[PDB]
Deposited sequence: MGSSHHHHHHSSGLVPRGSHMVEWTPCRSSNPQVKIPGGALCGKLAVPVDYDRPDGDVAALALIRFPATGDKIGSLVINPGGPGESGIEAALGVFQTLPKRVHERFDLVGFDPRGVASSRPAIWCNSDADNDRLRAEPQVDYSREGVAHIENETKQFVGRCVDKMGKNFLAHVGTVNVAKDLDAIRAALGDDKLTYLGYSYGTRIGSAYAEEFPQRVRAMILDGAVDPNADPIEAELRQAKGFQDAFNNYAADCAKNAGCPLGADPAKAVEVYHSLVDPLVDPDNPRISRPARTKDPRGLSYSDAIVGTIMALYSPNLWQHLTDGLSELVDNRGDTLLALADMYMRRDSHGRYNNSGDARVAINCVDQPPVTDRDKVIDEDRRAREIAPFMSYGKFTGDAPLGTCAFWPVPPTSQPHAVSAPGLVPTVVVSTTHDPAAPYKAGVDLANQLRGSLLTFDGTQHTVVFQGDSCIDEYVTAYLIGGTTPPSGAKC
């Protein structure tokens, strides 16, 4: 990789060629984008980070992480972000939906699970898959999966001149981590895994624990808001779910679930039911966003929807010109090859029955007896990984950071990953998804000590 300056730091940029298919070593080729912020002091190596998703840009994440990086880390490490194969600035980039395709889905309330509703959703799904194949070809899609990003990560390690990898992964970046740990355990100098994915989980039970996580975060958000003057969910947090629904339900036509009655916004779209749910979910990733959820709900009281719409736009990555980045398309293409899809209708139907009970804030109306299959049930290329316990006996001690009321990656999944990896579990008491290098000096101190001196937190460490 030959480096060159960028388009906000002392940043350098470059690309790295990797083979699309590691079994056809000089067939089709992909170019991974990389960003590098040079160390200011005595350089141990490169700190490579990944923000998760999947589909989220590691380059953009390095730019954010740069501002909140502790001084000692910035001294001792080159901070490095990369865009995984198929993501953001990497070529070729996964593209399925036009900007108009995405807007058209988001205008639908998406709550009709009658047989006609399910059939409509599954038709939309088939057309999406068709568009992915038409724009990407089956070969590239076959190989965007995590098992191949781990291989790219080793090529990135070498390209950067590091003997052993120093790695921080958030969320899905955790799955990149444990996959790299299994294929290249002798190249791991150090590894922090914040907001963990347990690679051994059943797909459906993990989704239901995730639904429970968001419902618990909602409960926490509502209890907090209940102490505050003018709470749009009312002063009784046991009635918050009902009050929430009195606010979002009218966004759907009560006699015909397929008809949206969007809340008025200054934007021409207005706020559909589905965007109201998505904006709420976005807000529950962090208490930093609870003020916005409160504003957006206050707006709904007046039949207005601007803040919830901007919250959903943040989640979907739609900028102010109506253009989407590719994170949405990429997320799906990657998830669909990372494990066997659930194709059994009865399991999907029963998952829906339970989720309505576990997370009623997310659920509209009553169980109908039907539910749609996920996009992955229709994917034309097969899974290139499968659930299993992480086994990497020779691996250096690692740190798994896990937040007690993390909605997206529940506490217990971090515990289980730490067990499998036989590394240290660092606990953060809070209701947010991830926490490393995001303000908290106690967490950042443990992580700094581990990154430089190799020192792990003691058993039962809390922050």
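- Within the chain's deposited sequence, the coordinate-free stretches run 1 to 21, 29 to 36 in sequence order.
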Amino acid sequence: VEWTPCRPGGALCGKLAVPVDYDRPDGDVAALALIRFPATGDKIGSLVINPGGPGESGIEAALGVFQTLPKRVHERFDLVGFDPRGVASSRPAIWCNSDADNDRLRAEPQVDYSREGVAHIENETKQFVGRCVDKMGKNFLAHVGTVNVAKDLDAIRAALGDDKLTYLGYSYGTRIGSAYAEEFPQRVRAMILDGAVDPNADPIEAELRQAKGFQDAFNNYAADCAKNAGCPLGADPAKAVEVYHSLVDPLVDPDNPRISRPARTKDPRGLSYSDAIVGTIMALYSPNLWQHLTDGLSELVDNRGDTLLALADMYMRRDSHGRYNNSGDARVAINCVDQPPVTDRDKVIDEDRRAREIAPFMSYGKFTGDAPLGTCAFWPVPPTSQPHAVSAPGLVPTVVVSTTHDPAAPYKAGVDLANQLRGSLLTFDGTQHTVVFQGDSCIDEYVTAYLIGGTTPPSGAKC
From here on, numbers count along this sequence of modelled residues.
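- Legend: mean Cα B-factor per stretch from the PDB entry, 272 to 280 versus 317 to 325; the higher mean is in 317 to 325.
- Checked against the record, the higher mean CA B factor of 422 to 430 and 24 to 32 lies with 24 to 32.
- When the Cα B-factors of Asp134, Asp295, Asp112, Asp101 are read from the PDB record, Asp134 comes out highest.
- Per the deposited record, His388 carries the highest C-alpha B-factor of all listed residues (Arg261, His388, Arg106, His120).
- Annotation for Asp306: CA B-factor lies in the lowest third of the chain's modelled residues.
- Ranked within its chain, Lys412 lands in the middle third, by CA B factor from the PDB record.
- Among all modelled residues in its chain, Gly55 ranks in the lowest third by Cα B-factor.
- In the PDB entry, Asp249 places in the lowest third of its chain by CA B-factor.
- Per the deposited record, the Cα B-factor of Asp267 falls in the lowest third when ranked against the other modelled residues of its chain.
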